[PDB]
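Before any questions on binding or motion, here is one chain by itself as C-alpha cells, the form deposited in one PDB entry.
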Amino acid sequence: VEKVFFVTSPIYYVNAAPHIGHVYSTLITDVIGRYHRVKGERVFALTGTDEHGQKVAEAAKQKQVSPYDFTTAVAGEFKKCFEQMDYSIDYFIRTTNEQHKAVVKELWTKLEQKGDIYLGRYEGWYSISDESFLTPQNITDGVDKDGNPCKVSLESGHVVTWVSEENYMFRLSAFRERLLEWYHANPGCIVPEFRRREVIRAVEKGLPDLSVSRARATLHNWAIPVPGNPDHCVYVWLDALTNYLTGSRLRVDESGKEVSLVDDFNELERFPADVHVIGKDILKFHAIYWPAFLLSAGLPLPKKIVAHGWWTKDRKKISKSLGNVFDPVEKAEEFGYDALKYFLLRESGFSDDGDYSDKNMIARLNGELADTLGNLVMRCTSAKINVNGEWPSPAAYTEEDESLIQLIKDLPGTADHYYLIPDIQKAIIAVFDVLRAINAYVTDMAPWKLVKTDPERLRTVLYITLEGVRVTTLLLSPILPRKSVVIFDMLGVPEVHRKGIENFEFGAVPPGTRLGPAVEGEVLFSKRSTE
C-alpha cells in the first residue's frame, strides 16, 4: 500500500529546558524521514512537547509561574532548539492544542463504548517524574532531595509515592493474548531485537489493568477532563500517546501551523506510524499500552517501534549540578552541525549507551569526515587531477575497476536495508566501508601520476572515483544534509539527480557534466588539532 511514510519522535516533557537526549531522539526521527524523502516518498515527520500532568504542573509551581505561561515558554525553547539544530520536521505538536484535546476525547469515548473502561481503584506506587505506575518489585530504598530515606524507582532512580485513588481503569489485562499474537506475527515490530524480547517476557508474565484517570486535585487541574466526568482527568500518558493520532489528522499550512482537524485519519493517509522513535526509558507505554489502546478502539497498529539508549560524557552522567554538561548547539558551533550529527549517529547504535568526548569526536571528524570523505572529494575535483573540470568518459574497465564498481552498485541495496531496520549506524558504516575502498583504489591507481603518463587511463579512474563519491554522498545525505549539498555543487551534480531511487544506479550522471566552480580557500571539513 502507498501511503505517507509516517515517522515520529516522542513528545517531550516541558518541565525543563531541552538537552541532548531530546535532540538525539529528534535527530533519529529527522534522519529516517529524510532518507524516505530522498527515495522520493511522501513523508510526515512529527515531534513535539508533552505539556500536561503533575510533573509539569509542579515544575511550573517551583518557578512560581502559571502552567499556561510556563508550558508556552519551554515549548518555545524546544522549537528554537530544533530550528537551530536544522532538522526537517513537518509539524511540532503541543498537547495543549485544542484539536489534540478533541482527539483525546474521541479516543476515550471509543475505549468506553467498547467496554474497556470501568471505575476502580489504584492503590500502589507511582513515579511522578516518570508519570509511571510501578509494582513493589520495581522500587527500592533511596534518598530524596532532603537527605531523608525514601523509596525510589528501580527503572529511573526517581522518588516514588503511594497513591490510593478511585480511578477509571483500562482493561489491559484483557489484551495479553492479542498483544502476544501481534509480537509473534510481526517479529520486526520492535527494534532492537533484545528490547523486543524484554517486551514479550513482560507480557508473558501477565498484565494488570491500567489507571487511565486521576482525581483532578492530584493534577492541579492541569490535564484533559474525562468526558462525562469533570472530577477526573485523563492519564497524561493516554493523553500523550494520542499525539501520534492527532498528528496524523492535522492539515498543516506551509508556515507549519495546524489549520484543520479531519474526522477520519485515512483522509490524510499517515496513520498508523511506520516508525515510532523512542528512548529505552519509555518502552512499555509504546509497546504495550499504545497497541492495547489501539486494539480496543479498533485502530491500526504501528509498523515499528525503535528504542535507542541513554548518553554519557566521559563515562559519566550528564547534569549541570554534577558538573558535566554537553550542550548540542555549543558543540555544533565548535565542530559543525552536520559533523556533530554524524558523530551522534556513528558513535552509538541502539543497543549501546554511547560515549561523547572531544577527543573521540575530533578523531572521527579528522579520521572519517576529513581524511576519508573530504580528502576524496578534493582529489576527484582538483585542478591538478581533473584538469578539464568535468566528468570524463570512461575507457575499458579492468578487473580492479570492476571490483570497485560492484561495491558501489551493491551499496544502495545494503544501505537501504539498514535504514529500514532502522539501524542508522550500520548504514553509515556501510557507506564509509565503500569510501575506504575508493580511497585505496585511488592510492593504488595514482591518478596524479596518470595525468602525465596515461590520460586515457586517468579518464576511467576519475570517472569511477566521481561516481563512487556521488553515490556515497547521496546515501549519506540524510546524515549530512548541508554538506551533501556542498559536495554535489562541487561535483556539479544537477538537482534532479540529487534525489530518487533512479539516482541510486551507477552512471546516472552523464560524462561531460561540468564540475561546479571552485573557491581559493574552501574545505568541506577542516581538521581540528589535538590539545
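Rigid core here is just the name for the largest C-alpha set that superposes within 1.5 Å across the two forms. In case it trips you up, residue 1 is the first one in the sequence shown, and so on.
K.L.:
Among the other PDB entries compared that flank it on both sides, is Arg249 unmodelled in a third or more?
P.N.:
Across the compared entries, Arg249 is modelled every time.
K.L.:
Where both flanking residues are modelled in the other PDB entries compared, is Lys317 itself missing in a third or more?
P.N.:
Looking at the other entries that model residues on either side of it, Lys317 is missing from at least a third.
K.L.:
Would 290-298 or 81-89 have the larger average of its C-alpha temperature factors, as given in the entry?
P.N.:
In the deposited entry, the stretch with the higher C-alpha B-factor mean is 81-89.
K.L.:
Higher mean Cα B-factor in the deposited model: 136-144 or 429-437?
P.N.:
Stretch with the higher mean C-alpha B-factor: 136-144.
K.L.:
Reading the B-factor column of the entry, which of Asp116, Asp281, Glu123, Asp327 has the highest value at its C-alpha atom?
P.N.:
The C-alpha B-factor peaks, among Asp116, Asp281, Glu123, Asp327, at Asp327.
K.L.:
Please work out which residue in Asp50, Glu58, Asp489, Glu41 has the highest C-alpha B-factor recorded for this crystal structure.
P.N.:
The record points to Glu58.
K.L.:
So where's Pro494 on the chain's Cα temperature factor ranking, which third?
P.N.:
According to the entry, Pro494 has a C-alpha B-factor in the chain's middle third.
K.L.:
Sorting by Cα B-factor within the chain, modelled residues only, which third would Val14 end up in: lowest, middle or highest?
P.N.:
For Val14, whose C-alpha B-factor we compare with every modelled residue in the chain, the answer is the middle third.
K.L.:
Taking the values exactly as deposited, rank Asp423 by C-alpha B-factor within its chain and report the matching third: lowest, middle or highest.
P.N.:
Within its chain, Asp423 is a lowest-third residue by C-alpha B-factor, going by the deposited values.
K.L.:
Going by the CA temperature factor in the PDB record, which third of the chain does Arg37 belong to: lowest, middle or highest?
P.N.:
Bottom third by C-alpha B-factor.
K.L.:
Ranked by Cα temperature factor within the chain, is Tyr244 in the lowest third, the middle third or the highest third?
P.N.:
Lowest third, going by the recorded CA B-factors of the chain.
From this point on, the text means the form deposited in another entry, which you will not see here.
K.L.:
Would you indicate which listed residue, out of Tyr122, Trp182, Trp311, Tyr87, moves its Cα by 2 Å or more between the shown form and the other one relative to the superposed core?
P.N.:
With the rigid core superposed, the residue that stands out is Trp311.
K.L.:
Against the rigid core, is the Cα displacement of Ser351 between the shown form and the other one at least 2 Å?
P.N.:
For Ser351, whose C-alpha is compared between the shown form and the other one after core superposition, the shift is 2 Å or more.
K.L.:
Could you tell me whether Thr312 and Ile190 have their C-alpha atoms closer or farther apart in the other entry than in the shown form, knowing the shift is 3 angstroms or more?
P.N.:
Compared with this form, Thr312 and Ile190 lie closer in the other entry.
K.L.:
Using the form shown as baseline, tell whether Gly21 and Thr312 are closer or farther in Cα-Cα distance in the other entry, where the change reaches 3 Å or more.
P.N.:
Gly21 and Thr312 sit closer together in the other entry.
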